[PDB]
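Each remark here refers to the structure printed beneath this line.
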Amino acid sequence: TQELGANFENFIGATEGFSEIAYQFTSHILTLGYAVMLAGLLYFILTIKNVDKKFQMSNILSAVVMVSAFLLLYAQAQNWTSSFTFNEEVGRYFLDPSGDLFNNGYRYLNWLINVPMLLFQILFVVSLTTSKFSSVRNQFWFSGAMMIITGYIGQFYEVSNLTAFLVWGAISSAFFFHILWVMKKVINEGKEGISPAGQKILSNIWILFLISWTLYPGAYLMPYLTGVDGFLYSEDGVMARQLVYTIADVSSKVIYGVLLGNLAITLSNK
Ligand SMILES: *C/C=C(C)/C=C/C=C(C)/C=C/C1=C(C)CCCC1(C)C
Ligand code: NA
């Protein structure tokens with residue numbers, strides 16, 4: 001009965017361990033992640049004057065997301081290198097008992113804080129038509145909170161009870177679907193009052209949103225996408241999961257923010 005290896009990262013680290021390549025690749029991608037959030041923070045601060053006052057709350061929410069993402073992705077990166085240590089005998093990296101072990105806390109806290117602000121910020125750039133600001137905001141905030149909480153409950157059972165990990169994943173996915181449905185309505189209403197140039201940016205925001213947000217549940221399932229005896233049920237699934245989370249983070253926070261800023265500028269021409 002394995003005791004030291006809470007999450008799939010710790011499990012692999014405690015059993016098979018990590019190759020020099022898997023350990024170094026993961027450390028570099030997590031470092032890239034926090035480095036891009038810091039670059040983003042400076043970009044959103046320095047370009048805030050490029051949009052009319054009425055849109056600047058969006059630029060502010062982008063900057064605030066970047067502060068929390070930078071700090072918590074920095075903490076996640078340090079957590080990776082501190083949790084696994086090289087054994088000369090076998091020549092791999094194993095879970096270090098003298099460490100605090102890999103912790104999903106940093107990532108899930110990041111999501112809890114930033115999901116509501118990413119959903120909120122579009123409501124300061126587009127105008128609704130038949131929907132109420134307060135109704136859309138409340139739906140986004142409730143569904144967003146329940147999605148991340150149900151997901152967090154799931155992640156605990158990942159190694160101890162796979163079945164529960166999936167059922168909680170499914171409940172989380174139900175809230176996710178409601179978020180996609182609301183955002184699609186917001187984007188369609190936002191297109192009504194604006195130039196074709198603005199409508200085209202909103203079409204690109206929808207595709208970026210749909211893809212980047214679906215990467216999260218994809219990374220959540222990554223180790224189990226080739227079955228329990230599968231090639232992903234390994235350090236390869238851990239590498240893939242951390243890579244996909246980093247791509248999702250850069251896309252859902254930084255690229256999303258840039259596109260909204262670009263939309264605000266096109267509304268700052270007609
Ligand atoms: C910058 C961080 C963002 C936008 C985080 C978004 C996270 C999700 C959309 C997560 C959704 C999940 C599911 C739909 C099912 C599995 C568990 C989650 C929480 C990963
Ligand atoms: Na180490």
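Going by the structure tokens order, chains are called A, B, ..., each with residues numbered from 1, while ligands are numbered from 1 in the order shown.
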
For residue 9 in chain A: contacts at 8 Å, only C-alpha atoms, fewer than 4 positions along chain excluded, given as a count of residues only
4

What are the closest atom pairs, with distances in Å to one decimal, for each residue of chain A lying within 9 Å of ligand 2, using only C-alpha atoms and all ligand atoms, rows by chain and rising residue number, as CSV?
residue,atom,partner,partner_atom_place_in_ligand_line,distance
A:23,CA,ligand 2,1 (Na),8.5
A:80,CA,ligand 2,1 (Na),7.3
A:81,CA,ligand 2,1 (Na),4.0
A:82,CA,ligand 2,1 (Na),4.8
A:83,CA,ligand 2,1 (Na),6.2
A:84,CA,ligand 2,1 (Na),4.6
A:85,CA,ligand 2,1 (Na),4.2
A:86,CA,ligand 2,1 (Na),6.8
A:93,CA,ligand 2,1 (Na),7.5
A:94,CA,ligand 2,1 (Na),8.8
A:96,CA,ligand 2,1 (Na),8.2

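Those residues that approach residue 53 in chain A to within 12 Å, counting only C-alpha atoms, are residues 48, 58, 59, 60, 124, 125, 264, 265, 267 and 268 of chain A; same-chain residues fewer than 5 positions away are not listed.
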
Please return as a VMD selection string: the residues of range 64-261 of chain A that backbone DSSP assigns to strand (DSSP E or B).
chain A and resid 84 to 87 92 to 95

Neighbours of ligand 1 at 8 Å or closer, counting only C-alpha atoms and all ligand atoms: which residues, as a PDB file with C-alpha atoms, in the first residue's frame?
ATOM      1  CA  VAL A  65      -5.191  38.352 -13.017  1.00  0.00           C
ATOM      2  CA  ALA A  69      -1.181  34.103 -11.852  1.00  0.00           C
ATOM      3  CA  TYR A 108      -6.666  25.502  -7.989  1.00  0.00           C
ATOM      4  CA  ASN A 110      -5.205  30.536  -9.082  1.00  0.00           C
ATOM      5  CA  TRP A 111      -8.359  29.260 -10.899  1.00  0.00           C
ATOM      6  CA  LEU A 112     -10.761  30.106  -7.977  1.00  0.00           C
ATOM      7  CA  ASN A 114      -9.016  34.369 -11.738  1.00  0.00           C
ATOM      8  CA  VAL A 115     -12.015  32.472 -13.306  1.00  0.00           C
ATOM      9  CA  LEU A 118     -11.780  36.635 -16.643  1.00  0.00           C
ATOM     10  CA  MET A 147     -16.838  24.439 -11.300  1.00  0.00           C
ATOM     11  CA  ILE A 148     -13.459  25.009  -9.499  1.00  0.00           C
ATOM     12  CA  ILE A 149     -14.705  23.703  -6.052  1.00  0.00           C
ATOM     13  CA  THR A 150     -16.237  20.439  -7.500  1.00  0.00           C
ATOM     14  CA  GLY A 151     -13.009  20.008  -9.561  1.00  0.00           C
ATOM     15  CA  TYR A 152     -10.806  20.485  -6.428  1.00  0.00           C
ATOM     16  CA  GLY A 154     -12.285  15.537  -7.568  1.00  0.00           C
ATOM     17  CA  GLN A 155      -8.462  16.053  -7.686  1.00  0.00           C
ATOM     18  CA  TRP A 168     -16.720  15.066  -9.529  1.00  0.00           C
ATOM     19  CA  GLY A 169     -14.989  15.935 -12.857  1.00  0.00           C
ATOM     20  CA  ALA A 170     -18.400  15.327 -14.537  1.00  0.00           C
ATOM     21  CA  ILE A 171     -20.300  17.577 -12.030  1.00  0.00           C
ATOM     22  CA  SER A 172     -17.569  20.269 -12.587  1.00  0.00           C
ATOM     23  CA  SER A 173     -18.017  19.772 -16.414  1.00  0.00           C
ATOM     24  CA  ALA A 174     -21.803  20.494 -15.962  1.00  0.00           C
ATOM     25  CA  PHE A 175     -20.993  23.986 -14.511  1.00  0.00           C
ATOM     26  CA  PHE A 176     -18.367  24.430 -17.304  1.00  0.00           C
ATOM     27  CA  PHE A 177     -21.034  23.774 -20.005  1.00  0.00           C
ATOM     28  CA  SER A 212      -8.265  27.473 -24.041  1.00  0.00           C
ATOM     29  CA  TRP A 213     -10.926  26.661 -21.357  1.00  0.00           C
ATOM     30  CA  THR A 214     -11.488  23.069 -22.715  1.00  0.00           C
ATOM     31  CA  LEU A 215      -7.676  22.491 -22.352  1.00  0.00           C
ATOM     32  CA  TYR A 216      -8.198  22.447 -18.498  1.00  0.00           C
ATOM     33  CA  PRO A 217     -10.464  19.338 -18.271  1.00  0.00           C
ATOM     34  CA  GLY A 218      -8.200  17.823 -21.010  1.00  0.00           C
ATOM     35  CA  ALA A 219      -5.117  18.269 -18.737  1.00  0.00           C
ATOM     36  CA  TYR A 220      -7.221  16.927 -15.759  1.00  0.00           C
ATOM     37  CA  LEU A 221      -7.886  13.633 -17.691  1.00  0.00           C
ATOM     38  CA  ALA A 248      -4.175  27.031 -21.302  1.00  0.00           C
ATOM     39  CA  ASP A 249      -2.961  29.607 -18.668  1.00  0.00           C
ATOM     40  CA  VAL A 250      -1.073  31.747 -21.278  1.00  0.00           C
ATOM     41  CA  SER A 252      -6.997  32.055 -21.213  1.00  0.00           C
ATOM     42  CA  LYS A 253      -5.287  34.926 -19.375  1.00  0.00           C
TER      43      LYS A 253
END

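Nearest to residue 90 in chain A of all the residues A:19, A:146, A:109, A:224 is A:19, counting only C-alpha atoms.
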
Give me, as a tab-separated table, each residue of range 171-240 of chain A that comes within 10 Å of range 24-28 of chain A, together with its shortest interatomic pair and the distance in Å at one decimal, counting only C-alpha atoms, with rows ordered by chain and rising residue number.
residue	atom	partner	partner_atom	distance
A:235	CA	A:26	CA	9.8
A:238	CA	A:26	CA	8.2
A:239	CA	A:26	CA	5.8
A:240	CA	A:26	CA	8.9

Can I get the selected residues back with N, CA, C and O atoms, as a PDB file, in the first residue's frame?
ATOM      1  N   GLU A 235       5.159   9.342 -16.386  1.00  0.00           N
ATOM      2  CA  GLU A 235       5.826  10.670 -16.377  1.00  0.00           C
ATOM      3  C   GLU A 235       5.441  11.435 -17.654  1.00  0.00           C
ATOM      4  O   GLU A 235       5.495  12.678 -17.623  1.00  0.00           O
ATOM      5  N   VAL A 238       2.246  13.222 -17.000  1.00  0.00           N
ATOM      6  CA  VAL A 238       2.570  14.352 -16.075  1.00  0.00           C
ATOM      7  C   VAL A 238       3.143  15.503 -16.909  1.00  0.00           C
ATOM      8  O   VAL A 238       2.686  16.644 -16.723  1.00  0.00           O
ATOM      9  N   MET A 239       4.075  15.206 -17.819  1.00  0.00           N
ATOM     10  CA  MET A 239       4.700  16.219 -18.709  1.00  0.00           C
ATOM     11  C   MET A 239       3.612  16.890 -19.554  1.00  0.00           C
ATOM     12  O   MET A 239       3.608  18.140 -19.610  1.00  0.00           O
ATOM     13  N   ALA A 240       2.743  16.084 -20.175  1.00  0.00           N
ATOM     14  CA  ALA A 240       1.650  16.526 -21.074  1.00  0.00           C
ATOM     15  C   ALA A 240       0.673  17.416 -20.301  1.00  0.00           C
ATOM     16  O   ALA A 240       0.263  18.457 -20.848  1.00  0.00           O
TER      17      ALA A 240
END

My list of candidates is A:72, A:186, A:225, A:205. Which is closest to residue 131 in chain A when distances are computed with only C-alpha atoms?
A:186

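For residue 30 in chain A, the list of residues within 8 Å, based on only C-alpha atoms and with local chain neighbours fewer than 6 positions off taken out, reads residues 73, 74, 76, 77, 242, 243 and 246 of chain A.
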
Residues from last step as file, C-alpha atoms, as a PDB file, in the first residue's frame:
ATOM      1  CA  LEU A  73       2.595  29.878 -10.995  1.00  0.00           C
ATOM      2  CA  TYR A  74       5.954  30.998  -9.454  1.00  0.00           C
ATOM      3  CA  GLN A  76       3.939  26.006  -8.403  1.00  0.00           C
ATOM      4  CA  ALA A  77       7.335  26.063 -10.247  1.00  0.00           C
ATOM      5  CA  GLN A 242       1.764  20.455 -17.018  1.00  0.00           C
ATOM      6  CA  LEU A 243       2.449  21.538 -20.671  1.00  0.00           C
ATOM      7  CA  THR A 246       0.706  26.205 -19.084  1.00  0.00           C
TER       8      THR A 246
END

Please provide the set of residues having any atom within 8 Å of residue 67 in chain A, restricted to only C-alpha atoms, with same-chain residues fewer than 5 positions apart removed, written as an mmCIF file with N, CA and C atoms, in the first residue's frame.
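In the end it all went to selection-v2.cif:
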data_model
loop_
_atom_site.group_PDB
_atom_site.id
_atom_site.type_symbol
_atom_site.label_atom_id
_atom_site.label_comp_id
_atom_site.auth_asym_id
_atom_site.auth_seq_id
_atom_site.Cartn_x
_atom_site.Cartn_y
_atom_site.Cartn_z
ATOM 1 N N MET A 37 3.488 35.415 -17.451
ATOM 2 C CA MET A 37 2.529 36.180 -16.611
ATOM 3 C C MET A 37 3.175 37.516 -16.202
ATOM 4 N N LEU A 38 4.468 37.512 -15.867
ATOM 5 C CA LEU A 38 5.200 38.743 -15.459
ATOM 6 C C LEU A 38 5.284 39.708 -16.650
ATOM 7 N N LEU A 41 1.886 41.169 -17.131
ATOM 8 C CA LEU A 41 1.598 42.190 -16.091
ATOM 9 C C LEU A 41 2.100 43.546 -16.598
#
